[PDB]
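One structure is given below, encoded as structure tokens.
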Amino acid sequence: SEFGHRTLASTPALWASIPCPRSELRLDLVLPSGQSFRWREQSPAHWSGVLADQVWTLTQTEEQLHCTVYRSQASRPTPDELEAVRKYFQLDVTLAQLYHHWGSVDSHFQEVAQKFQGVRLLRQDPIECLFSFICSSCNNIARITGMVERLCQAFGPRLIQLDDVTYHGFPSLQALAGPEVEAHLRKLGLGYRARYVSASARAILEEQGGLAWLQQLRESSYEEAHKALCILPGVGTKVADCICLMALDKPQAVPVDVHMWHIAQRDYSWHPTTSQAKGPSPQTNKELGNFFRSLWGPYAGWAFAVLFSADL
DNA sequence: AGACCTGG
DNA sequence: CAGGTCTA
Ligand SMILES: [Ca+2]
């Protein structure tokens, strides 16, 4: 009872709730959908992972988001810890309002949205997001999830152990910039991605002014943030957009890839106007990005996440 | 337009 | 072959 991952039923006194309807958030649609790769459904409807440097288990009912944190001396989450959860799901951004706006300017969105409510954007830490997505090229969610997990066990601080699962905080820049990190990462199967992780860690710390340079990009504009991220090795337009959208508060960022094309072509009969090439390319991808921004508005990135989930 | 790294 | 990135 006092051991293993908790459940709302097994340790009722250790859970605290945050008012939140399923219409504003659906854990099963957000946590394993390629935004964050650190969440696991260790027990049906119960999701565990690291948030604000601690381990949490989350589960929801129709009107509540039940949270539980593991630190010593067991205890229900404090009002301040709960705010960290609220900020992580950016609960201040009302989904009902967004769905309504996107649904009123886009018939197709309104159709698919009906069955997929609760899809919103997580507000992730810049470092975790940068290196997690550096590992995203040529990999599916499952592979990415594995690489990120071994990377954290290897270079991340040990937090606590639940059952046979030991949680680790995400690796720091210092750790990732360490010597022989690349060789070590290759043994963990990160392949050529190992080099970018090592190279980007050292580049930020030794050429850009460190952690401050990254975090500070949140106060910077989307165009400026995107441009800056792109100098880092292993980070291109795609990864830069994912980072801007997921960690730098740039909701208008749309990460274009082949999947997005499939949707643009099938559900909007979209095709390139500016660039010559009629297939995916830097110039055409830039258009697709502008197309959806023009269609959905300031939160075009959030809107696509919805379609991205409806397409499973 | 290839090369870079591996399981499904 | 997979959500891409880098380079000729
Ligand atoms: Ca780059």
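In what follows, every heavy atom counts, from backbone to side chain, and hydrogens, waters and symmetry copies are set aside. In the text below, chain A, chain B and the rest are named by the order of the sequence lines, each starting its count at 1.
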Practice task
List for me each residue that meets side chain to side chain donor-acceptor pair (under 3.5 Å) alongside A:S132, sequence neighbours excluded, and say none if there are none.
Solution key: none

Handout entry: Candidate nucleotides B:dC5, C:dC6, C:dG4, ranked by approach to the side chain of A:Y196 - the nearest
Key = C:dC6

Practice task
Would you tell me if any nitrogen or oxygen in the side chain of A:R193 comes within less than 4.0 Å of OP1 or OP2 on B:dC4?
Solution key: no

Problem - Of all pairs that satisfy ring-ring contact (aromatic ring centres under 6.0 Å, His included), the ones with a partner from residues 4-23 of chain A, not counting sequence neighbours - result: A:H5-A:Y167, A:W15-A:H46

Completion exercise
When rounded to whole Å, the CZ to P distance for the pair A:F131 and C:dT5 reads 15 Å

Exercise for the section: For C:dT7 and B:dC5, measure between their P atoms and round to the nearest Å. Expected result: 13 Å

Exercise for the section: Could you tell me the separation between the OH atom of A:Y192 and the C1' atom of B:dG7, rounded to a whole number of Å? Expected result: 13 Å

Problem - Nearest-Å distance for atom pair CE/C1', residues A:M147 and B:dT6 - result: 7 Å

Handout entry: A:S23-A:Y99 side chain donor-acceptor pair, cut-off 3.5 Å
Key = no

Exercise for the section: Just need the stems in DNA chain C: three or more back-to-back Watson-Crick or G-U pairs, each with both distances under 3.5 angstrom, sorted by first number. Expected result: B:2-4 with C:4-6

Practice task
For A:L232, answer base if it contacts any base atom (sugar-phosphate contacts may also be present), sugar-phosphate if it contacts only those atoms, and nothing otherwise; contact means non-hydrogen atoms under 4.0 Å.
Solution key: sugar-phosphate

Problem - Shortest side-chain distance from A:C138, nucleotide among C:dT5, C:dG3, B:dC5 - result: B:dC5

Practice task
Determine the Euclidean distance between corresponding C1' atoms of B:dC4 and C:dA8; express it in Å to zero decimal places.
Solution key: 15 Å

Problem - Between B:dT6 (P) and A:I144 (CD1): distance, integer Å - result: 16 Å

Exercise for the section: Measure from NZ or CZ of A:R120 to the centre of the six-membered ring of A:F89, then state whether that distance is under 6.0 Å and the direction lies within 45° of the axis. Expected result: no

Practice task
Identify which nucleotide among C:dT5, B:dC5, C:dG3 has an atom closest to any side-chain atom of A:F308, counting heavy atoms from C-beta outward.
Solution key: C:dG3

Exercise for the section: Measure from NZ on A:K187 to P on B:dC5 and round the result to the nearest Å. Expected result: 17 Å

Exercise for the section: Would you mind reading off the distance between A:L188 atom CG and B:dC5 atom P, rounded to a whole angstrom? Expected result: 15 Å

Handout entry: Of A:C230 and A:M246, the one whose closest DNA chain C nucleotide lies more 5'
Key = A:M246

Problem - Qualifying salt bridge (charged side-chain N to carboxylate O under 4.0 Å, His left out) pairs with a residue from residues 220-239 of chain A, counting only residues at least two apart or across chains - result: A:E224-A:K227, A:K238-A:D257

Completion exercise
Between CZ of A:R186 and P of B:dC4 the distance, given in whole Å, is 11 Å

Exercise for the section: Just compare C:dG3, C:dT5, B:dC4 and give me whichever is closest to any side-chain atom of A:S136. Expected result: C:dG3

Exercise for the section: For residues 295-312 of chain A, pull every pair meeting side-chain hydrogen bond (donor to acceptor under 3.5 Å, both in side chains), keeping only residues two or more places apart or in separate chains. Expected result: A:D106-A:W296, A:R266-A:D311

Fill in the blank from the handout: A:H226 atom NE2 is separated from C:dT5 atom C1', nearest whole Å, by 12 Å

Problem - Qualifying salt bridge (charged side-chain N to carboxylate O under 4.0 Å, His left out) pairs with a residue from residues 38-49 of chain A, counting only residues at least two apart or across chains - result: A:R38-A:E128, A:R40-A:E149

